[PDB]
$ cat structure-v6.txt   # compact mmCIF, C-alpha atoms
# COMPACT_ATOMS: atom_id res chain seq x y z
CA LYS A 5 -83.73 0.70 38.24
CA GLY A 6 -83.26 3.57 40.73
CA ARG A 7 -79.46 3.82 40.20
CA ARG A 8 -80.41 5.57 36.82
CA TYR A 9 -81.38 8.82 38.54
CA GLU A 10 -78.48 8.66 41.02
CA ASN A 11 -76.08 8.44 38.06
CA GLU A 12 -77.99 11.29 36.32
CA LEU A 13 -77.63 13.50 39.43
CA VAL A 14 -73.93 12.60 39.71
CA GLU A 15 -73.32 13.58 36.03
CA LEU A 16 -75.35 16.83 36.42
CA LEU A 17 -73.33 17.78 39.55
CA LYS A 18 -70.01 16.86 37.89
CA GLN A 19 -71.05 19.03 34.87
CA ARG A 20 -71.58 22.03 37.19
CA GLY A 21 -68.07 21.54 38.67
CA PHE A 22 -68.86 19.45 41.78
CA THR A 23 -66.95 16.34 42.93
CA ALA A 24 -69.79 13.80 43.21
CA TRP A 25 -70.13 9.98 43.14
CA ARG A 26 -72.52 7.02 43.88
CA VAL A 27 -72.61 4.64 46.91
CA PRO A 28 -74.99 1.61 46.71
CA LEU A 29 -75.28 0.84 50.53
CA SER A 39 -79.00 3.72 47.77
CA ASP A 40 -77.02 6.98 48.36
CA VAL A 41 -75.03 9.74 46.45
CA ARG A 42 -71.94 11.67 47.87
CA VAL A 43 -70.94 15.32 47.17
CA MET A 44 -67.92 17.49 48.12
CA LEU A 45 -68.83 20.93 49.62
CA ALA A 46 -66.09 23.16 51.10
CA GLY A 47 -63.76 20.16 51.34
CA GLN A 48 -66.33 18.00 53.24
CA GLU A 49 -68.22 14.90 52.04
CA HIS A 50 -72.02 14.98 52.30
CA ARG A 51 -74.58 12.21 51.80
CA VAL A 52 -77.26 13.14 49.25
CA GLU A 53 -80.57 11.27 49.46
CA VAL A 54 -82.18 10.66 46.08
CA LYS A 55 -85.96 10.31 45.59
CA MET A 56 -87.75 10.03 42.23
CA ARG A 57 -91.49 10.64 41.88
CA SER A 58 -93.70 10.45 38.73
CA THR A 59 -95.88 13.50 39.49
CA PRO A 60 -95.64 16.61 41.72
CA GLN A 61 -98.49 15.16 43.83
CA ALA A 62 -96.55 11.91 44.45
CA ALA A 63 -93.57 14.00 45.68
CA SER A 64 -95.77 16.43 47.75
CA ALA A 65 -94.44 19.29 45.55
CA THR A 66 -97.60 20.69 43.86
CA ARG A 67 -97.74 23.87 46.01
CA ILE A 68 -93.88 23.95 46.21
CA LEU A 69 -93.00 24.42 42.47
CA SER A 70 -94.18 28.06 42.24
CA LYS A 71 -92.42 29.01 45.53
CA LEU A 72 -88.87 27.86 44.58
CA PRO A 73 -86.36 29.09 45.64
CA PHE A 74 -87.24 29.54 49.31
CA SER A 75 -86.02 28.84 52.83
CA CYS A 76 -88.17 26.70 55.13
CA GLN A 77 -87.38 25.11 58.52
CA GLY A 78 -83.62 25.66 58.03
CA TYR A 79 -83.40 24.40 54.44
CA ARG A 80 -83.06 26.12 51.14
CA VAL A 81 -85.24 24.41 48.53
CA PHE A 82 -84.40 25.14 44.87
CA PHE A 83 -84.21 23.75 41.31
CA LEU A 84 -80.78 22.17 40.58
CA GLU A 85 -79.64 24.81 37.96
CA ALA A 86 -81.22 27.92 39.84
CA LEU A 87 -78.93 30.61 41.28
CA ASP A 88 -81.72 33.28 41.85
CA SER A 89 -82.16 34.98 45.26
CA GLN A 90 -84.44 33.33 47.88
CA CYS A 98 -92.71 29.22 56.12
CA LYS A 100 -93.48 23.44 58.28
CA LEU A 101 -91.76 21.75 55.25
CA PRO A 102 -93.41 18.90 53.11
CA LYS A 103 -93.84 16.09 55.75
CA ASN A 104 -92.74 13.36 53.27
CA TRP A 105 -89.46 15.28 52.72
CA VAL A 106 -88.37 15.25 56.40
CA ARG A 107 -88.87 11.42 56.43
CA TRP A 108 -86.98 11.12 53.09
CA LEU A 109 -83.85 12.85 54.52
CA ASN A 110 -83.67 9.78 56.87
CA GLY A 111 -80.38 10.85 58.47
CA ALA A 112 -78.71 12.55 55.50
CA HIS A 113 -78.66 16.40 55.32
CA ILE A 114 -79.17 16.98 51.55
CA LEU A 115 -82.20 15.67 49.61
CA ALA A 116 -82.49 15.55 45.80
CA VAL A 117 -86.06 15.01 44.49
CA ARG A 118 -86.45 14.16 40.81
CA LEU A 119 -89.77 14.83 38.99
CA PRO A 120 -90.38 14.56 35.20
CA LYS A 121 -89.03 17.79 33.53
CA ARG A 122 -92.48 18.40 31.97
CA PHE A 123 -93.70 19.31 35.47
CA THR A 124 -90.75 21.40 36.70
CA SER A 125 -89.78 23.11 33.42
CA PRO A 126 -92.74 25.65 33.29
CA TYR A 127 -91.55 26.86 36.72
CA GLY A 128 -87.84 27.10 35.71
CA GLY A 129 -86.61 23.62 36.64
CA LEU A 130 -84.96 22.49 33.42
CA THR A 131 -83.47 19.24 34.81
CA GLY A 132 -86.39 18.05 36.93
CA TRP A 133 -84.39 18.08 40.20
CA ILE A 134 -85.24 19.92 43.40
CA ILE A 135 -82.42 20.26 45.96
CA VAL A 136 -83.23 20.53 49.66
CA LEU A 137 -79.96 21.73 51.24
CA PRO A 138 -79.24 23.02 54.77
CA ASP A 139 -78.90 26.83 54.97
CA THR A 140 -75.35 26.36 56.40
CA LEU A 141 -74.33 24.62 53.13
CA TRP A 142 -75.80 27.24 50.71
CA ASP A 143 -72.68 29.45 50.76
CA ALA A 144 -70.42 26.47 49.95
CA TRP A 145 -72.80 25.10 47.22
CA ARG A 146 -72.75 28.45 45.33
CA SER A 147 -68.92 28.69 45.59
CA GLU A 148 -68.47 25.30 43.82
CA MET A 149 -70.14 26.40 40.48
CA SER A 150 -69.14 28.69 37.49
CA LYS B 5 -46.73 15.58 51.93
CA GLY B 6 -48.72 12.82 53.74
CA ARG B 7 -50.84 12.30 50.58
CA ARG B 8 -48.08 9.96 49.22
CA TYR B 9 -49.04 7.20 51.73
CA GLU B 10 -52.80 7.67 51.36
CA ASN B 11 -52.41 7.20 47.58
CA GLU B 12 -50.13 4.16 48.24
CA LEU B 13 -52.78 2.58 50.49
CA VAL B 14 -55.53 3.35 47.93
CA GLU B 15 -53.51 1.65 45.14
CA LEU B 16 -52.68 -1.36 47.38
CA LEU B 17 -56.41 -1.78 48.29
CA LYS B 18 -57.51 -1.35 44.64
CA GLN B 19 -54.90 -4.00 43.65
CA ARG B 20 -56.48 -6.47 46.14
CA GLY B 21 -59.94 -5.85 44.60
CA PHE B 22 -61.33 -3.16 46.93
CA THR B 23 -63.17 0.01 45.83
CA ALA B 24 -61.05 2.67 47.59
CA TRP B 25 -60.36 6.38 47.07
CA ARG B 26 -58.93 9.60 48.51
CA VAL B 27 -61.34 12.58 48.91
CA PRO B 28 -60.36 15.91 47.31
CA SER B 39 -59.73 10.24 57.36
CA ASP B 40 -59.00 11.14 53.72
CA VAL B 41 -59.29 7.50 52.45
CA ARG B 42 -62.64 5.74 51.90
CA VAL B 43 -63.14 2.00 51.38
CA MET B 44 -66.25 0.08 50.20
CA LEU B 45 -66.99 -3.01 52.34
CA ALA B 46 -70.13 -5.03 51.45
CA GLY B 47 -71.39 -1.98 49.58
CA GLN B 48 -70.90 0.43 52.54
CA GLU B 49 -68.53 3.44 52.67
CA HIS B 50 -65.96 3.46 55.56
CA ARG B 51 -63.47 6.14 56.59
CA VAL B 52 -59.92 4.82 56.92
CA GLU B 53 -57.58 6.88 59.16
CA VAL B 54 -53.99 6.81 57.82
CA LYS B 55 -50.99 7.18 60.16
CA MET B 56 -47.33 6.92 59.05
CA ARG B 57 -44.55 6.42 61.61
CA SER B 58 -40.77 6.12 61.07
CA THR B 59 -40.15 3.38 63.68
CA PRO B 60 -42.23 0.70 65.46
CA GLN B 61 -41.66 2.62 68.74
CA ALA B 62 -43.12 5.84 67.25
CA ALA B 63 -46.25 3.85 66.22
CA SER B 64 -46.45 1.89 69.56
CA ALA B 65 -46.06 -1.37 67.52
CA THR B 66 -42.81 -2.86 68.94
CA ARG B 67 -44.56 -5.65 70.93
CA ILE B 68 -47.33 -5.89 68.24
CA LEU B 69 -45.26 -6.99 65.17
CA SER B 70 -44.62 -10.56 66.43
CA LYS B 71 -48.27 -11.06 67.43
CA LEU B 72 -49.89 -10.21 64.03
CA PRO B 73 -52.47 -11.36 63.07
CA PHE B 74 -54.60 -11.24 66.23
CA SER B 75 -57.90 -9.94 67.65
CA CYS B 76 -57.66 -7.38 70.45
CA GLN B 77 -60.33 -5.21 72.11
CA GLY B 78 -62.79 -5.88 69.28
CA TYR B 79 -60.43 -5.31 66.35
CA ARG B 80 -58.52 -7.67 63.96
CA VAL B 81 -54.96 -6.35 63.60
CA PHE B 82 -53.03 -7.67 60.61
CA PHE B 83 -50.47 -6.86 57.91
CA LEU B 84 -52.23 -5.57 54.76
CA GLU B 85 -51.18 -8.60 52.61
CA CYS B 98 -53.90 -8.36 75.32
CA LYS B 100 -55.62 -4.04 75.63
CA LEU B 101 -54.65 -2.44 72.19
CA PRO B 102 -51.84 0.26 72.09
CA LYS B 103 -53.40 3.41 73.68
CA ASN B 104 -51.97 5.58 70.82
CA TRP B 105 -54.16 3.59 68.36
CA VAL B 106 -57.52 4.23 70.08
CA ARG B 107 -56.78 8.01 69.92
CA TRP B 108 -55.73 7.67 66.21
CA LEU B 109 -59.08 6.14 65.23
CA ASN B 110 -60.58 9.54 66.32
CA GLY B 111 -64.11 8.67 65.16
CA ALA B 112 -63.28 6.48 62.15
CA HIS B 113 -63.57 2.65 62.54
CA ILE B 114 -60.62 1.45 60.38
CA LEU B 115 -57.00 2.48 61.01
CA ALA B 116 -54.08 1.96 58.60
CA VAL B 117 -50.61 2.35 60.16
CA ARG B 118 -47.61 2.55 57.81
CA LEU B 119 -44.07 1.70 59.06
CA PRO B 120 -40.88 1.33 56.93
CA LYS B 121 -40.89 -2.17 55.28
CA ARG B 122 -37.49 -2.92 56.88
CA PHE B 123 -39.29 -3.20 60.23
CA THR B 124 -42.39 -5.13 59.17
CA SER B 125 -40.86 -7.41 56.54
CA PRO B 126 -39.05 -9.88 58.97
CA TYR B 127 -42.49 -10.43 60.56
CA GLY B 128 -44.35 -10.97 57.23
CA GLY B 129 -45.42 -7.42 56.41
CA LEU B 130 -44.04 -6.88 52.90
CA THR B 131 -45.91 -3.58 52.33
CA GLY B 132 -45.24 -1.93 55.70
CA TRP B 133 -49.00 -1.49 56.49
CA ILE B 134 -50.89 -2.70 59.53
CA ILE B 135 -54.71 -2.69 59.28
CA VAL B 136 -56.83 -2.26 62.46
CA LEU B 137 -60.38 -3.40 61.45
CA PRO B 138 -63.55 -3.87 63.58
CA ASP B 139 -64.58 -7.50 64.14
CA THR B 140 -68.01 -6.70 62.58
CA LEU B 141 -66.26 -5.74 59.31
CA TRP B 142 -63.96 -8.82 59.09
CA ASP B 143 -66.49 -10.92 57.18
CA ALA B 144 -67.16 -8.13 54.60
CA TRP B 145 -63.39 -7.40 54.31
CA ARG B 146 -62.48 -11.04 53.60
CA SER B 147 -65.19 -11.46 50.89
CA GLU B 148 -63.74 -8.50 48.92
CA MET B 149 -60.32 -10.16 48.11

$ encode --input "structure-v6.txt" --output "structure tokens"
Amino acid sequence: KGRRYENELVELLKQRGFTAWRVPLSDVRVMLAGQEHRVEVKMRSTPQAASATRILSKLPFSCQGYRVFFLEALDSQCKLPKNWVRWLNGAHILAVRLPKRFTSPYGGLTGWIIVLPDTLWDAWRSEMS
Amino acid sequence: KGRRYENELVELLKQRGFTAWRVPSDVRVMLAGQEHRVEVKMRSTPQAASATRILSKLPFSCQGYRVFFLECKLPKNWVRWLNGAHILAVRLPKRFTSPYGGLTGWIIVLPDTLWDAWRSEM
């Protein structure tokens, strides 16, 4: 009931070596370079419902100061999807979950798309492997 | 190395039924389902913590905060110690706080808005 995907994202981040946890308030927290960051979690049933249809083939890319990528992707990298700016709602990281059947042909094995500020990309990469 | 008292406060809060932790304002506490930074200060004497005249007054409300032992204006050192956070935890040796009712040595400085959510978590 919504917490399901927040817990899934927390376990996926903890598997990749991140210190992550859940805060009901409906938010997720992550440690990047020794700093706590709020992660907004959105789940949509289809790429159209998440305004990601034209996005999927472009990942990873940088747009309006954000790096947008599939959760497991480490490959080298415009307006941004209007629904996404509203979804950030104060937080700086956004995690969008789609069914894996939609993301997987494009390389998104887990179904998650991470919208992260460009300032945080260096720290995010140095918290894996 | 300063982390000893943050861990002590986290265990004391978890004992009283709070969801508290130290991040790898290093302490976080969950009040009514909301995450709050807790600033931790440890001082060797009541004078070093600007608490000499405070100890006999606890518990009280001053400048919009409820000041009490863990279990009128506020000291100027304390406003600077909050430094952006909204909750402040001051630790003194128990020998100083105990004759006044502070068995643990901790003084909590909590906003009046959070007093209702703090009470209903014990």

$ atom_distance --input "structure-v6.txt" --atom1 "atom CA of residue A:53" --atom2 "atom CA of residue B:147"
27.5 Å

$ interface_residues --input "structure-v6.txt" --of "chain A" --to "chain B" --cutoff "8 Å" --atoms "all atoms listed in the file" --output "PyMOL selection string"
chain A and resi 23+27-29+44+47+49

$ residues_around --input "structure-v6.txt" --residues "residue A:69" --least-positions-apart "5" --cutoff "10 Å" --atoms "only C-alpha atoms" --output "MDAnalysis selection string"
chainID A and resid 60 64 81:83 123:129 134

$ residues_near_point --input "structure-v6.txt" --point "(-81.0, 12.5, 53.9)" --cutoff "10 Å" --atoms "only C-alpha atoms" --output "ChimeraX atom specification"
/A:40-41,50-55,105-116,136-137

$ residues_around --input "structure-v6.txt" --residues "residue B:113" --least-positions-apart "6" --cutoff "9 Å" --atoms "only C-alpha atoms" --output "list in words"
residues 50, 51, 52, 53, 136, 137 and 138 of chain B

$ residues_around --input "structure-v6.txt" --residues "residue B:67" --least-positions-apart "5" --cutoff "12 Å" --atoms "all atoms listed in the file" --output "number ranges by chain"
B: 60-61, 72, 98, 101-102, 124, 127

$ build_atoms --input "structure-v6.txt" --residues "stretch 64-79 of chain B" --atoms "N, CA, C and O atoms" --output "compact mmCIF listing (two decimals), in the coordinates of the input"
# COMPACT_ATOMS: atom_id res chain seq x y z
N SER B 64 -46.07 2.78 68.46
CA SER B 64 -46.45 1.89 69.56
C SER B 64 -46.72 0.45 69.07
O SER B 64 -47.65 -0.20 69.53
N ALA B 65 -45.90 -0.05 68.13
CA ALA B 65 -46.06 -1.37 67.52
C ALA B 65 -44.93 -2.36 67.82
O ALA B 65 -44.98 -3.48 67.32
N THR B 66 -43.94 -2.00 68.63
CA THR B 66 -42.81 -2.86 68.94
C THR B 66 -43.23 -4.28 69.41
O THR B 66 -42.83 -5.27 68.80
N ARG B 67 -44.06 -4.37 70.42
CA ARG B 67 -44.56 -5.65 70.93
C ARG B 67 -45.69 -6.25 70.03
O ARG B 67 -46.03 -7.42 70.18
N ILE B 68 -46.26 -5.46 69.12
CA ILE B 68 -47.33 -5.89 68.24
C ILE B 68 -46.86 -6.78 67.10
O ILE B 68 -47.48 -7.81 66.85
N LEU B 69 -45.81 -6.36 66.37
CA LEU B 69 -45.26 -6.99 65.17
C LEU B 69 -45.20 -8.52 65.21
O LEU B 69 -45.65 -9.17 64.26
N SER B 70 -44.70 -9.10 66.31
CA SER B 70 -44.62 -10.56 66.43
C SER B 70 -45.94 -11.26 66.70
O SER B 70 -46.01 -12.49 66.56
N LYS B 71 -46.96 -10.52 67.11
CA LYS B 71 -48.27 -11.06 67.43
C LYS B 71 -49.23 -11.11 66.23
O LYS B 71 -50.18 -11.90 66.25
N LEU B 72 -49.01 -10.27 65.20
CA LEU B 72 -49.89 -10.21 64.03
C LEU B 72 -49.95 -11.52 63.26
O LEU B 72 -48.92 -12.12 63.02
N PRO B 73 -51.15 -11.96 62.83
CA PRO B 73 -52.47 -11.36 63.07
C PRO B 73 -53.12 -11.82 64.36
O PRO B 73 -52.95 -12.95 64.78
N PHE B 74 -53.90 -10.94 64.98
CA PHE B 74 -54.60 -11.24 66.23
C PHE B 74 -55.86 -10.38 66.37
O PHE B 74 -56.03 -9.40 65.65
N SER B 75 -56.72 -10.73 67.32
CA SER B 75 -57.90 -9.94 67.65
C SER B 75 -57.68 -9.35 69.03
O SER B 75 -57.27 -10.07 69.94
N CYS B 76 -57.89 -8.05 69.18
CA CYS B 76 -57.66 -7.38 70.45
C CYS B 76 -58.64 -6.23 70.63
O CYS B 76 -58.78 -5.39 69.75
N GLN B 77 -59.36 -6.23 71.74
CA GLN B 77 -60.33 -5.21 72.11
C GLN B 77 -61.43 -4.96 71.07
O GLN B 77 -62.04 -3.90 71.05
N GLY B 78 -61.73 -5.98 70.27
CA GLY B 78 -62.79 -5.88 69.28
C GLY B 78 -62.32 -5.53 67.88
O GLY B 78 -63.14 -5.19 67.02
N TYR B 79 -61.02 -5.64 67.64
CA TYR B 79 -60.43 -5.31 66.35
C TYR B 79 -59.53 -6.45 65.86
O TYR B 79 -58.89 -7.09 66.68
